[PDB]
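This report refers to the structure that appears directly beneath it.
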Amino acid sequence: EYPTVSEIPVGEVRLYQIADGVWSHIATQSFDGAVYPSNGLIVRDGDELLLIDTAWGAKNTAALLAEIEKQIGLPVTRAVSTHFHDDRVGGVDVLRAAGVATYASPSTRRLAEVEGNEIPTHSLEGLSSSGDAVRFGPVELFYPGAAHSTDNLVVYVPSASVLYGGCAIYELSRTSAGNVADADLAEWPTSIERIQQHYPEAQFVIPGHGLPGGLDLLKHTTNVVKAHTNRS
Ligand SMILES: CCOP(=O)(OCC)[C@@H](CS)CCCc1ccccc1
Ligand SMILES: [Zn+2]
Ligand SMILES: [Zn+2]
Ligand SMILES: [Zn+2]
Numbered sequence: 004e005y006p007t008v009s010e011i012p013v014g015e016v017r018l019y020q021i022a023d024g025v026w027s028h029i030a031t032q033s034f035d036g037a038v039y040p041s042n043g044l045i046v047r048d049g050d051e052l053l054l055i056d057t058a059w060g061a062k063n064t065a066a067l068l069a070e071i072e073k074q075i076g077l078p079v080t081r082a083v084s085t086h087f088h089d090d091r092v093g094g095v096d097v098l099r100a101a102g103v104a105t106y107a108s109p110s111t112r113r114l115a116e117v118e119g120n121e122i123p124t125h126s127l128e129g130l131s132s133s134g135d136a137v138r139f140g141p142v143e144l145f146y147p148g149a150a151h152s153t154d155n156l157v158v159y160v161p162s163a164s165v166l167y168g169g170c171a172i173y174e175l176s177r178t179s180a181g182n183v184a185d186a187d188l189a190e191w192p193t194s195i196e197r198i199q200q201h202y203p204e205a206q207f208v209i210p211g212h213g214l215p216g217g218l219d220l221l222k223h224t225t226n227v228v229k230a231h232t233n234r235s
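So that you can map any letter, position 153 of the sequence shown is 156 in the working numbering, and since no number is skipped, the others follow by simple counting.
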């Protein structure tokens with residue numbers, strides 16, 4: 004049902020309807036000689052769409068917009084990137100050219116600039132302290148604290164009980180840590196506990212990469228992070 008790495012050539016994007024007015028988008032990218040799947044989110048709000056994250060590069064993000072037009076047919080008017088890595092902001096220039104208003108926290112914008120990654124134009128205020136939440140159209144944005152990166156945001160869709168954990172949450176199939184070069188390993192389990200405490204009602208949990216599940220993904224991620232922490 005849910006699209007996998009095997010079934011998506013790099014350059015194509017799949018949409019997966021989760022609920023009324025809520026989709027994930029799934030793309031793949033080559034990196035260091037392997038191929039990785041990647042998720043984002045699409046959320047309807049009236050007669051327009053809110054996009055969560057790019058499809059990991061310009062080419063994929065072009066295909067994303069085309070696939071949205073084909074399968075949904077409503078305009079993307081705002082986008083939020085949930086941290087500064089290229090699987091979240093790579094393609095922001097494509098979005099902007101298409102008239103999308105692109106957003107990220109000041110921390111994400113600052114880190115993207117440092118990294119040399121594309122910089123969302125608008126700033127999300129009210130998210131700089133762990134446990135901060137703000138409304139953004141049909142979703143709530145939440146800063147759980149440092150985890151996969153110091154700037155990582157999570158996204159909740161109240162009407163659908165959909166929790167988008169982004170890359171701070173791992174799919175169950177991943178039993179080893181991925182890119183933790185920018186991670187706060189020491190804080191990551193505590194940040195995951197904040198997510199659990201704030202969104203215990205979540206029914207559909209979407210990781211940044213791979214298969215969705217339920218709130219168990221949180222404990223799973225903590226397990227994997229703690230096991231990496233204990234590198235021997
Ligand atoms: C292997 C390179 O991972 P990235 O640093 O890609 C550069 C943008 C990471 C940013 S979150 C995305 C890929 C994470 C992943 C690792 C292993 C399996 C599935 C996804
Ligand atoms: Zn990342
Ligand atoms: Zn990622
Ligand atoms: Zn596990």
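Cβ atoms here follow ideal geometry from the backbone N, Cα and C, with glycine treated the same way.
In terms of side-chain proximity, the C-beta atom of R91 is found nearer than 8 Å to a non-hydrogen atom of ligand 2. Separation of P78 and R234 (C-alpha to C-alpha, rounded to the nearest whole angstrom) is 46 Å. With contact defined as three or more Cβ pairs closer than 8 Å, the region 166–177 and the region 117–136 are not in contact. Taking the Cα positions, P215 is about 10 Å away from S27.
The residues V79, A82, in chain order, have a CB closer than 6 Å to that of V103 in the same chain once the five nearest residues on each side in sequence are set aside. With a cutoff of 8 Å, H151 counts as near ligand 3, since its C-beta is closer than that to a heavy atom of the ligand.
Taking the C-beta atoms as reference points, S84 is found nearer than 9 Å to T105. Membership of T111 in the alpha helix (DSSP H) is indicated by the continuous run 109–118. In this structure, the alpha-carbon of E70 lies about 23 Å from that of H86.
If you ignore the 5 residues before and after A30, its C-beta comes within less than 6 Å of the C-beta of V16, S41, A58, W59, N63, all in its own chain and listed in chain order. As computed with DSSP, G43 is found in a beta bridge with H28.
Taking a C-beta distance under 9 Å as the contact criterion, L218 and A230 do not qualify as a contact pair. For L221, the distance from the CB to the nearest heavy atom of ligand 4 is not below 8 Å. DSSP, read as helix, strand or coil, puts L220 in helix. In terms of side-chain proximity, the C-beta atom of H88 is found nearer than 8 Å to a non-hydrogen atom of ligand 2.
Annotation for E116: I122 place their beta carbon closer than 6 Å to its own, counting only its chain and skipping 5 residues before and after.
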